[PDB]
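Heads up, upload-v2.txt below (compact mmCIF, C-alpha atoms):
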```txt
# COMPACT_ATOMS: atom_id res chain seq x y z
CA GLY A 1 1.04 -20.07 32.57
CA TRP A 2 -2.39 -19.23 31.15
CA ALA A 3 -2.29 -16.34 28.66
CA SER A 4 -2.62 -12.52 28.46
CA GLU A 5 -4.62 -11.17 25.48
CA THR A 6 -1.56 -8.92 25.11
CA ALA A 7 1.68 -10.60 26.15
CA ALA A 8 5.16 -11.65 25.15
CA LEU A 9 4.45 -15.34 25.99
CA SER A 10 8.00 -16.34 26.85
CA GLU A 11 9.41 -19.85 27.07
CA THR A 12 7.97 -21.24 30.27
CA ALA A 13 9.90 -24.35 31.40
CA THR A 14 11.13 -27.84 30.45
CA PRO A 15 11.64 -30.84 32.79
CA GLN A 16 15.25 -31.09 33.92
CA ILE A 17 15.82 -34.82 33.76
CA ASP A 18 17.86 -36.97 36.13
CA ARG A 19 19.72 -40.21 35.48
CA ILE A 20 19.73 -42.73 38.31
CA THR A 21 22.40 -45.40 37.83
CA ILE A 22 21.71 -48.91 39.10
CA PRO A 23 25.32 -49.99 39.78
CA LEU A 24 24.55 -53.77 39.52
CA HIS A 25 26.99 -55.12 42.08
CA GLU A 26 27.80 -58.78 42.64
CA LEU A 27 26.79 -60.87 45.65
CA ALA A 28 29.21 -63.68 46.36
CA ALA A 29 29.73 -66.23 49.09
CA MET A 30 32.68 -68.62 49.28
CA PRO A 31 32.36 -71.22 52.04
CA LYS A 32 35.34 -73.47 52.57
CA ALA A 33 34.64 -77.20 52.77
CA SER A 34 37.23 -79.79 53.72
CA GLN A 35 38.11 -82.45 51.17
CA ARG A 36 37.96 -84.97 54.00
CA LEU A 37 34.46 -83.89 55.08
CA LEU A 38 33.08 -83.70 51.55
CA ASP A 39 34.04 -87.35 50.94
CA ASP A 40 33.56 -89.22 54.21
CA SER A 41 30.16 -87.90 55.36
CA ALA A 42 26.95 -89.62 54.33
CA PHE A 43 25.21 -86.30 53.65
CA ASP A 44 25.48 -84.55 50.30
CA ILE A 45 27.25 -81.46 51.65
CA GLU A 46 28.09 -80.34 48.09
CA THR A 47 24.38 -79.85 47.36
CA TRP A 48 23.48 -78.84 50.92
CA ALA B 1 -7.55 -5.95 14.72
CA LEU B 2 -5.53 -6.45 17.90
CA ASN B 3 -6.43 -8.11 21.24
CA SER B 4 -9.88 -9.08 22.56
CA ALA B 5 -9.20 -7.80 26.08
CA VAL B 6 -9.46 -4.03 25.71
CA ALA B 7 -12.73 -3.41 23.95
CA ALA B 8 -11.98 -0.65 21.45
CA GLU B 9 -9.40 -2.59 19.40
CA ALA C 1 -39.86 -12.72 31.78
CA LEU C 2 -41.04 -9.25 32.66
CA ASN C 3 -40.09 -6.10 30.65
CA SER C 4 -36.97 -5.84 28.51
CA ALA C 5 -36.00 -2.43 29.92
CA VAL C 6 -34.41 -3.41 33.23
CA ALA C 7 -31.70 -6.02 32.85
CA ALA C 8 -32.52 -8.18 35.87
CA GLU C 9 -36.24 -8.76 35.26
CA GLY C 10 -35.72 -10.47 31.92
CA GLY C 11 -33.33 -8.13 30.18
CA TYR C 12 -30.53 -10.60 29.60
CA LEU C 13 -32.57 -12.66 27.13
CA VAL C 14 -32.57 -10.08 24.36
CA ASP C 15 -28.99 -10.60 22.90
CA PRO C 16 -28.48 -7.66 20.47
CA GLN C 17 -27.81 -8.54 16.85
CA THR C 18 -24.47 -7.48 15.41
CA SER C 19 -23.95 -6.22 11.87
CA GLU C 20 -23.66 -8.53 8.88
CA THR C 21 -20.35 -7.11 7.65
CA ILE C 22 -18.07 -4.89 9.73
CA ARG C 23 -18.33 -1.40 8.27
CA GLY C 24 -15.80 1.40 8.26
CA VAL C 25 -15.05 5.03 7.68
CA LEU C 26 -14.93 5.58 3.94
CA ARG C 27 -11.88 7.65 3.10
CA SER C 28 -11.09 9.10 -0.32
CA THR C 29 -10.52 6.50 -3.04
CA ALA C 30 -9.77 9.02 -5.81
CA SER C 31 -6.26 7.80 -6.37
CA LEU C 32 -5.18 8.66 -9.98
CA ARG C 33 -5.34 4.93 -10.81
CA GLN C 34 -8.49 5.46 -12.88
CA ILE C 35 -6.85 8.13 -15.06
CA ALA C 36 -3.31 6.76 -15.53
CA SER C 37 -1.83 3.87 -17.52
CA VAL C 38 -1.69 0.83 -15.24
CA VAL C 39 0.59 -1.86 -16.66
CA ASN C 40 0.86 -5.33 -15.16
CA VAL C 41 4.52 -6.21 -14.73
CA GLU C 42 6.25 -9.20 -13.14
CA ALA C 43 9.78 -7.82 -13.00
CA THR C 44 11.95 -5.40 -11.06
CA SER C 45 11.09 -2.40 -13.20
CA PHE C 46 9.33 -1.10 -16.25
CA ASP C 47 10.84 0.81 -19.15
CA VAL C 48 8.49 2.92 -21.20
CA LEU C 49 9.95 3.91 -24.56
CA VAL C 50 8.75 7.32 -25.67
CA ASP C 51 9.65 9.60 -28.58
CA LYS C 52 10.88 13.01 -27.56
CA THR C 53 11.05 14.31 -31.16
CA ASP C 54 9.43 13.77 -34.57
CA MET C 55 10.37 13.02 -38.14
CA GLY C 56 10.67 15.23 -41.19
CA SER C 57 8.66 15.33 -44.40
CA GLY C 58 9.75 16.34 -47.83
CA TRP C 59 7.11 17.48 -50.28
CA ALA C 60 9.36 16.01 -52.93
CA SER C 61 9.37 17.81 -56.25
CA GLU C 62 9.02 16.05 -59.57
CA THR C 63 12.81 16.12 -60.16
CA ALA C 64 14.19 16.71 -56.70
CA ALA C 65 16.68 13.93 -55.72
CA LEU C 66 15.32 13.53 -52.20
CA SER C 67 17.98 13.26 -49.50
CA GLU C 68 17.79 11.99 -45.91
CA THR C 69 15.37 13.25 -43.30
CA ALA C 70 15.08 13.14 -39.52
CA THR C 71 14.10 10.11 -37.44
CA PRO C 72 13.15 10.71 -33.80
CA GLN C 73 15.37 10.21 -30.79
CA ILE C 74 13.96 7.92 -28.16
CA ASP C 75 13.91 8.24 -24.37
CA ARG C 76 13.73 5.32 -21.94
CA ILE C 77 12.15 6.12 -18.58
CA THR C 78 12.70 3.54 -15.83
CA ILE C 79 9.82 2.80 -13.48
CA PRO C 80 11.60 1.56 -10.32
CA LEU C 81 8.61 -0.57 -9.10
CA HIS C 82 8.97 -0.20 -5.34
CA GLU C 83 7.02 -2.19 -2.77
CA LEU C 84 4.38 -1.13 -0.27
CA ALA C 85 4.12 -3.26 2.84
CA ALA C 86 1.89 -3.28 5.90
CA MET C 87 1.86 -5.75 8.78
CA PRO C 88 -0.91 -5.51 11.39
CA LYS C 89 -0.78 -7.71 14.48
CA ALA C 90 -3.95 -9.68 15.14
CA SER C 91 -4.70 -11.93 18.08
CA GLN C 92 -5.38 -15.64 17.64
CA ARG C 93 -8.04 -15.51 20.36
CA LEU C 94 -9.75 -12.78 18.32
CA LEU C 95 -9.52 -14.79 15.09
CA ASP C 96 -10.96 -17.90 16.74
CA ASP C 97 -13.84 -16.13 18.49
CA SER C 98 -14.65 -13.14 16.30
CA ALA C 99 -17.23 -14.58 13.89
CA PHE C 100 -16.65 -11.97 11.16
CA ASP C 101 -14.11 -13.13 8.61
CA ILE C 102 -11.27 -11.09 10.12
CA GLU C 103 -8.64 -12.37 7.67
CA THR C 104 -10.48 -11.16 4.57
CA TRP C 105 -11.54 -8.03 6.48
CA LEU C 106 -7.89 -7.15 7.06
CA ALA C 107 -7.30 -8.06 3.41
CA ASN C 108 -9.97 -5.57 2.30
CA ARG C 109 -8.63 -2.92 4.67
CA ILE C 110 -4.98 -3.40 3.63
CA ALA C 111 -6.00 -3.18 -0.03
CA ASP C 112 -7.96 0.01 0.74
CA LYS C 113 -5.02 1.52 2.63
CA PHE C 114 -2.62 0.62 -0.19
CA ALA C 115 -4.87 2.18 -2.82
CA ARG C 116 -5.07 5.28 -0.62
CA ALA C 117 -1.35 5.40 0.21
CA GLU C 118 -0.10 4.90 -3.32
CA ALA C 119 -2.11 7.98 -4.38
CA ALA C 120 0.15 10.29 -2.37
CA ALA C 121 3.14 8.60 -3.97
CA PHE C 122 1.63 9.01 -7.46
CA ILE C 123 1.05 12.72 -6.81
CA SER C 124 3.83 14.05 -4.58
CA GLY C 125 6.05 11.04 -4.00
CA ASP C 126 9.81 11.47 -4.08
CA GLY C 127 12.55 9.25 -5.43
CA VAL C 128 13.39 6.93 -2.56
CA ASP C 129 11.39 3.74 -1.90
CA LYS C 130 8.17 5.04 -3.49
CA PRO C 131 6.92 6.20 -6.92
CA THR C 132 8.13 9.66 -7.85
CA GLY C 133 5.04 11.80 -8.17
CA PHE C 134 4.42 14.23 -10.97
CA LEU C 135 4.72 17.25 -8.67
CA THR C 136 8.35 16.42 -7.86
CA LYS C 137 9.53 16.50 -11.48
CA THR C 138 11.71 19.67 -11.84
CA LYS C 139 9.17 22.16 -13.17
CA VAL C 140 10.21 24.61 -15.90
CA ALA C 141 8.02 27.51 -17.08
CA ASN C 142 5.93 26.93 -20.17
CA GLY C 143 7.11 28.54 -23.37
CA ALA C 144 10.63 27.67 -22.28
CA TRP C 145 9.66 23.99 -22.32
CA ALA C 146 12.15 21.19 -22.94
CA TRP C 147 11.62 17.45 -22.59
CA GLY C 148 13.14 16.92 -19.16
CA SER C 149 10.56 18.95 -17.27
CA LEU C 150 6.90 19.71 -16.65
CA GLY C 151 5.42 23.02 -17.68
CA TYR C 152 3.44 25.44 -15.58
CA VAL C 153 1.57 28.66 -16.07
CA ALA C 154 1.55 31.24 -13.31
CA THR C 155 -1.46 33.02 -11.89
CA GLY C 156 -0.12 36.40 -10.90
CA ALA C 157 -0.54 37.20 -7.21
CA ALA C 158 1.42 35.17 -4.70
CA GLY C 159 -1.18 33.35 -2.66
CA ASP C 160 -4.30 33.62 -4.78
CA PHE C 161 -5.57 33.97 -8.32
CA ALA C 162 -4.97 37.13 -10.36
CA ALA C 163 -6.68 40.21 -8.93
CA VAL C 164 -7.70 42.06 -12.12
CA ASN C 165 -8.88 39.08 -14.24
CA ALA C 166 -9.46 35.63 -12.65
CA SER C 167 -10.27 32.35 -14.51
CA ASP C 168 -7.60 33.40 -17.08
CA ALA C 169 -4.71 31.46 -15.54
CA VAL C 170 -7.06 28.46 -15.57
CA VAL C 171 -8.05 28.95 -19.19
CA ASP C 172 -4.55 29.44 -20.56
CA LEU C 173 -3.54 26.47 -18.42
CA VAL C 174 -6.15 24.59 -20.45
CA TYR C 175 -5.08 26.07 -23.79
CA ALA C 176 -1.36 25.63 -23.05
CA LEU C 177 -1.55 21.83 -22.88
CA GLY C 178 -1.68 20.70 -26.49
CA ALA C 179 -4.49 19.85 -28.86
CA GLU C 180 -4.58 16.06 -28.75
CA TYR C 181 -3.91 15.73 -25.02
CA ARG C 182 -7.06 17.77 -24.32
CA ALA C 183 -9.25 15.08 -25.89
CA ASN C 184 -9.11 13.15 -22.61
CA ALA C 185 -7.47 15.50 -20.13
CA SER C 186 -8.43 16.06 -16.52
CA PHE C 187 -7.83 18.51 -13.72
CA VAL C 188 -6.26 17.24 -10.53
CA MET C 189 -7.01 19.28 -7.40
CA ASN C 190 -7.84 18.66 -3.79
CA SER C 191 -11.05 19.25 -1.90
CA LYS C 192 -10.12 22.72 -0.65
CA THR C 193 -8.63 24.01 -3.88
CA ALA C 194 -11.81 22.94 -5.65
CA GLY C 195 -13.71 24.87 -3.01
CA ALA C 196 -11.61 27.97 -3.65
CA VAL C 197 -12.20 27.62 -7.39
CA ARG C 198 -15.95 27.24 -6.91
CA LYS C 199 -15.98 30.26 -4.57
CA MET C 200 -14.74 32.52 -7.38
CA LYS C 201 -17.42 34.83 -8.70
CA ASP C 202 -17.94 37.73 -11.08
CA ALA C 203 -18.63 41.32 -10.06
CA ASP C 204 -22.31 40.64 -9.30
CA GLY C 205 -22.00 37.89 -6.69
CA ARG C 206 -22.84 34.91 -8.92
CA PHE C 207 -20.20 32.22 -9.02
CA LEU C 208 -18.83 32.25 -12.52
CA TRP C 209 -18.27 28.54 -13.13
CA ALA C 210 -21.25 26.51 -14.30
CA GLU C 211 -21.17 14.23 -9.47
CA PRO C 212 -17.85 13.99 -11.36
CA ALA C 213 -17.82 17.81 -10.83
CA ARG C 214 -16.22 18.71 -14.14
CA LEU C 215 -14.63 22.12 -14.75
CA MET C 216 -15.06 23.78 -18.17
CA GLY C 217 -16.12 20.45 -19.62
CA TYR C 218 -13.01 18.65 -18.34
CA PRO C 219 -13.27 16.14 -15.48
CA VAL C 220 -11.83 16.86 -12.05
CA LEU C 221 -10.00 14.37 -9.86
CA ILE C 222 -10.48 15.50 -6.27
CA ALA C 223 -7.26 14.22 -4.77
CA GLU C 224 -6.26 14.84 -1.17
CA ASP C 225 -2.52 14.98 -1.71
CA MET C 226 -1.81 18.01 -3.84
CA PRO C 227 -0.91 21.10 -1.80
CA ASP C 228 -3.45 23.83 -1.22
CA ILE C 229 -3.00 27.40 -2.42
CA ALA C 230 0.32 28.49 -0.91
CA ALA C 231 2.93 31.06 -1.91
CA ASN C 232 4.64 29.02 -4.65
CA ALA C 233 2.42 25.97 -4.68
CA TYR C 234 1.19 23.84 -7.57
CA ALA C 235 -2.38 23.28 -6.47
CA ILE C 236 -4.06 22.63 -9.82
CA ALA C 237 -2.66 20.29 -12.43
CA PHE C 238 -4.19 19.44 -15.77
CA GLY C 239 -3.51 17.03 -18.57
CA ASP C 240 -3.70 13.66 -20.26
CA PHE C 241 -2.67 11.33 -17.47
CA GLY C 242 -3.53 8.20 -19.47
CA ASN C 243 -0.56 9.06 -21.66
CA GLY C 244 1.38 11.12 -19.14
CA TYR C 245 1.66 9.01 -16.00
CA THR C 246 2.54 5.31 -16.19
CA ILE C 247 1.74 3.20 -13.14
CA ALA C 248 3.49 -0.16 -13.15
CA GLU C 249 2.26 -2.77 -10.70
CA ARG C 250 1.41 -6.36 -9.73
CA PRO C 251 -2.38 -6.87 -9.44
CA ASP C 252 -2.26 -9.03 -6.33
CA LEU C 253 -2.17 -8.47 -2.59
CA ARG C 254 0.34 -10.95 -1.18
CA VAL C 255 -0.60 -11.96 2.37
CA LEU C 256 1.59 -14.12 4.61
CA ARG C 257 0.34 -14.96 8.09
CA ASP C 258 3.16 -15.15 10.64
CA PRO C 259 2.12 -17.27 13.63
CA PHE C 260 5.66 -17.77 14.91
CA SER C 261 7.40 -14.48 15.73
CA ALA C 262 4.60 -12.81 17.70
CA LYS C 263 3.55 -16.07 19.32
CA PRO C 264 0.11 -15.35 20.90
CA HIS C 265 -0.72 -13.24 17.82
CA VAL C 266 -0.98 -13.94 14.08
CA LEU C 267 0.74 -10.92 12.44
CA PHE C 268 -0.50 -10.74 8.85
CA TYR C 269 2.24 -9.37 6.57
CA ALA C 270 0.65 -8.08 3.37
CA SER C 271 2.57 -6.31 0.62
CA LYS C 272 1.94 -5.36 -3.00
CA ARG C 273 4.53 -3.65 -5.15
CA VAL C 274 3.77 -0.70 -7.42
CA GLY C 275 5.82 2.01 -9.12
CA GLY C 276 5.54 4.91 -11.50
CA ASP C 277 6.59 8.33 -12.74
CA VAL C 278 5.65 10.59 -15.64
CA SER C 279 6.00 8.98 -19.03
CA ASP C 280 5.14 11.87 -21.36
CA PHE C 281 6.35 15.23 -20.07
CA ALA C 282 4.19 17.22 -22.50
CA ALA C 283 0.98 15.66 -21.20
CA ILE C 284 0.80 17.47 -17.83
CA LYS C 285 0.76 21.21 -17.12
CA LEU C 286 0.65 22.85 -13.71
CA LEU C 287 -0.63 26.02 -12.05
CA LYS C 288 2.02 27.90 -10.13
CA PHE C 289 0.91 30.80 -7.97
CA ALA C 290 4.17 32.75 -8.10
CA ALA C 291 4.16 35.48 -10.78
```
So, in terms of structure tokens, how does the structure I just supplied come out?
Amino acid sequence: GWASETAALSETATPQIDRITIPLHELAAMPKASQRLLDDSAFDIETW
Amino acid sequence: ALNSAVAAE
Amino acid sequence: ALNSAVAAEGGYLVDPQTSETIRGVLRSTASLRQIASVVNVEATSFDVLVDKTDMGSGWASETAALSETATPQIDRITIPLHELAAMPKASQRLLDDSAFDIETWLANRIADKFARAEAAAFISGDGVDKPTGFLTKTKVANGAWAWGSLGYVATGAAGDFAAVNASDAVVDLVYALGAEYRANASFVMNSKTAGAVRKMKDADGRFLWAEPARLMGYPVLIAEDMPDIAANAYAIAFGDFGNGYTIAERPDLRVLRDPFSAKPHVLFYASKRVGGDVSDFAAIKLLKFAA
């Protein structure tokens, strides 16, 4: 508030804070590749 | 004295 | 830029000049401090050591075999040294915008009010929390005078001076006070007992008493705290207050500004501490109006 030349001047306010939690999940993919296919093909499927 | 609002004080 | 009389046509340019120092009403400063014994003391109390009796002398003969003689007994009177506090509340917006030095103005005014308020304690103050004045000191009629009391002489009629002869109670009040105490002794009255004394006159209409306004060659302290002429009042006192009344004090005016409790204000707390009662019971006589 402003002020009154004759006032109690009470405690006004204070920011009530909030905590936001970033949960930090994991992102995972597991593709299955055949041990035949990974060996006999000409293409580098392991890096593809 | 007291406050500056009311003149007589 | 026309005339200064009307405000609109150039009357706002004239900005009236304020005073140099903020004045005040000038109340009575006659406070018994200039007639009593002020002692600086940094303690809780003050103990005067008086002698309530005297020794003995011999006039020893040529062949006399002189024996013992008296040696006086000694009274300790304790000055309690109470404190006197005042705390006005002043606004910070005033103190920042109020070009007069408001802090030292309140300091002057608090010192004035303390010098005025300790006078009533010096004169008619009681025991608790303030100096015990000389009026509240268990008066015992003169002639039957012992050490633990103040003497008085009585005027006669109940609410006035004596009808047949006046100015006699005053003069045997003077000559019932002791020879050495009258070297520097003073009357203490107030401003409307002094008026009633000056209004007394002889049978012809001429007032019979002849800037300190002394009475019969003795100075007069115009107090404002002794009672006026009542039925059993003690309106006029007289004596050697420089030996009779001991004021004990600290000669400083302790000021603490308090910006925290009253938060938009400043709240100067100023307090000196001062005490005192009678020290020599023979040095003050009183005027009772009883009989």
Distance query range 264-269 of chain C at most 10 Å, only C-alpha atoms, self and fewer than 2 positions along chain excluded, as a CSV table (one decimal) with C-alpha atoms, in the frame of the given file:
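Dumped everything to around23.csv:
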```csv
chain,number,residue,atom,x,y,z
A,3,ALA,CA,-2.3,-16.3,28.7
A,4,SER,CA,-2.6,-12.5,28.5
A,5,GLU,CA,-4.6,-11.2,25.5
A,6,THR,CA,-1.6,-8.9,25.1
A,7,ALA,CA,1.7,-10.6,26.2
A,8,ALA,CA,5.2,-11.6,25.2
A,9,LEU,CA,4.4,-15.3,26.0
A,10,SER,CA,8.0,-16.3,26.8
B,1,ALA,CA,-7.6,-6.0,14.7
B,2,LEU,CA,-5.5,-6.4,17.9
B,3,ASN,CA,-6.4,-8.1,21.2
C,85,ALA,CA,4.1,-3.3,2.8
C,86,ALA,CA,1.9,-3.3,5.9
C,87,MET,CA,1.9,-5.8,8.8
C,88,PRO,CA,-0.9,-5.5,11.4
C,89,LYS,CA,-0.8,-7.7,14.5
C,90,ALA,CA,-4.0,-9.7,15.1
C,91,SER,CA,-4.7,-11.9,18.1
C,92,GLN,CA,-5.4,-15.6,17.6
C,93,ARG,CA,-8.0,-15.5,20.4
C,94,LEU,CA,-9.8,-12.8,18.3
C,95,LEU,CA,-9.5,-14.8,15.1
C,103,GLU,CA,-8.6,-12.4,7.7
C,106,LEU,CA,-7.9,-7.2,7.1
C,107,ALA,CA,-7.3,-8.1,3.4
C,110,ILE,CA,-5.0,-3.4,3.6
C,254,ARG,CA,0.3,-11.0,-1.2
C,255,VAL,CA,-0.6,-12.0,2.4
C,256,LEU,CA,1.6,-14.1,4.6
C,257,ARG,CA,0.3,-15.0,8.1
C,258,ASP,CA,3.2,-15.2,10.6
C,259,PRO,CA,2.1,-17.3,13.6
C,260,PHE,CA,5.7,-17.8,14.9
C,261,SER,CA,7.4,-14.5,15.7
C,262,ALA,CA,4.6,-12.8,17.7
C,271,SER,CA,2.6,-6.3,0.6
```
(request) Identify, on the basis of only C-alpha atoms, every residue whose closest approach to residue 249 in chain C does not exceed 9 Å; exclude the query and any residue fewer than 2 positions from it along the same chain; express the result as a ChimeraX atom specification. (result) /C:38-42,81-82,247,251-252,272-276
(request) For CA of residue 214 in chain C and CA of residue 166 in chain C, determine how far apart the two atoms are, in Å to one decimal place. (result) 18.3 Å
Around all the atoms of range 266-278 of chain C listed in the file, draw an axis-aligned box and extend it by 5 Å on each of the six sides; I want its centre and edge lengths in Å to one decimal, as JSON.
```
{"center_x": 2.8, "center_y": -1.7, "center_z": -0.8, "size_x": 17.6, "size_y": 34.5, "size_z": 39.7}
```
(message) Using only C-alpha atoms, which protein or nucleic acid residues come within 10 Å of residue 33 in chain A? Drop anything in the same chain fewer than 3 positions from it, and give the result as a ChimeraX atom specification.
(response) /A:30,36-38,45-46
